[PDB]
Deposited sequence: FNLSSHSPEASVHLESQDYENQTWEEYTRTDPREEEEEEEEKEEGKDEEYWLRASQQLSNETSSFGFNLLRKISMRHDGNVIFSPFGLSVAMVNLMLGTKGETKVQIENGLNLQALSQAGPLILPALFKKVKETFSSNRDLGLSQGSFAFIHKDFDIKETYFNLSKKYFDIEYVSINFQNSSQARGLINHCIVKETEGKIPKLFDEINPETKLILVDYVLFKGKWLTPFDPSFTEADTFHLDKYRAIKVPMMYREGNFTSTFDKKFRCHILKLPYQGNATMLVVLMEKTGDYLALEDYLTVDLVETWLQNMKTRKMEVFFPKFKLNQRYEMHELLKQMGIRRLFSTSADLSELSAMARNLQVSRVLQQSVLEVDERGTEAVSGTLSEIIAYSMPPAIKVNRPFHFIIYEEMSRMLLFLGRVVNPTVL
């Protein structure tokens, strides 16, 4: 009897989702390939920061994250929600989610005791002092905390460190959940995957003929397929028709649009071909966050006085998210039937959305162009 807090998180979630879609839009401008990031995880780090700021710095972050109506709720409501949404997920044995965060600040700056405890309590972020001026060393300790606290999963996250750096925030999300309905591994065979009209590769393609839930958006001419996980998490697979451009969809992704897809879902006996793959991708986010209006946090004008009262020197140097998605066969131990089933065959680039259903929180948003 503590599920009701996920259900109240639906507003934080919906605003964090919008932020996620605005960011994917921004990413979409800067580069051409695979994309994965966790709007949820990133907004833990950004909200933790937000509480450390004031003035325009804070205002920009509230507006950049769409959390203005929740920052007007009172000082401890946002942190109290994040504490609960994280802990509920975290303690869910049947959810295949691992999430965490790190902060690394230069020894020059003392952390105000209030913000230190607040950060560690609500957001589970410990601000660790580090001597960046010896980066050879600095990278060692940084990479050691991460690989240790993530029990081996995130080894050697930084290959290089700038000695000038003042403050680094690191978020990570790892997801590898079991399907409610498993793919039989013996149906997985190599299959063509079309990168474009000219290049195709081979991928290991999982297959199942069974009960599937999807819907078809007539405006965009794409299928939206639900692949349920254990632990009340679902992946929506968004596949367009060859004729159209999957990149165009990103201009139009909104919380409303996705809600409309969910409401028209129906369960059909269907043939599904879905490739098994793994995305492991680390993202430098600050320069994108700049693009979304969060500029003063990363400048010398930054107001971080609630984090450390001493210096106008201080600013956020880097914000990194490390994302890991792992998709394979592994699963858990009224239907429209045609005479012979239709098929959704995901053998060209597509978008995925992994969301937790009670919360409607967006665990991973991404674009898969060249599977790995």
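Gaps without C-alpha coordinates occur at 1-46, 380-386, 426-427, with positions taken along the deposited sequence from 1.
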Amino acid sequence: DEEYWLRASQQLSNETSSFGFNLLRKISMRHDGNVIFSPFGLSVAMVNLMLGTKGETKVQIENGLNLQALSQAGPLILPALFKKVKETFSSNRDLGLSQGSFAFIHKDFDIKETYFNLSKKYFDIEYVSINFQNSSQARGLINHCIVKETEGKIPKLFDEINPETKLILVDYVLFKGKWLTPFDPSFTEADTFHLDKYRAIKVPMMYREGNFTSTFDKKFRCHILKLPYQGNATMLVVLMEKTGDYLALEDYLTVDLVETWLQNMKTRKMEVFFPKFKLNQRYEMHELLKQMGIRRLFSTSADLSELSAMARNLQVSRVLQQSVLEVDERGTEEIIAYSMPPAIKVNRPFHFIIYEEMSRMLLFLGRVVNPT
From here on, numbers count along this sequence of modelled residues.
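Mean CA temperature factor is higher for 287-295 when stretches 287-295 and 272-280 are set side by side in the entry. Higher mean CA B-factor, judged across 103-111 and 254-262 from the recorded values: 103-111.
Residue-level inspection of the entry shows that, of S38, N347, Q315, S339, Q315 has the top Cα B-factor.
Highest C-alpha temperature factor among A343, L325, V47, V59 per the entry: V59. Placement of the Cα temperature factor of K153 within the chain: middle third of the modelled residues, per the deposited record. Placement of the Cα temperature factor of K83 within the chain: middle third of the modelled residues, per the deposited record. Sorting the modelled residues of the chain by their CA temperature factor places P185 in the middle third. When the CA B factors of the chain's modelled residues are split into thirds, the value for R139 lands in the highest one. Compared with the other modelled residues of the chain, the Cα B-factor recorded for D196 ranks in the middle third.
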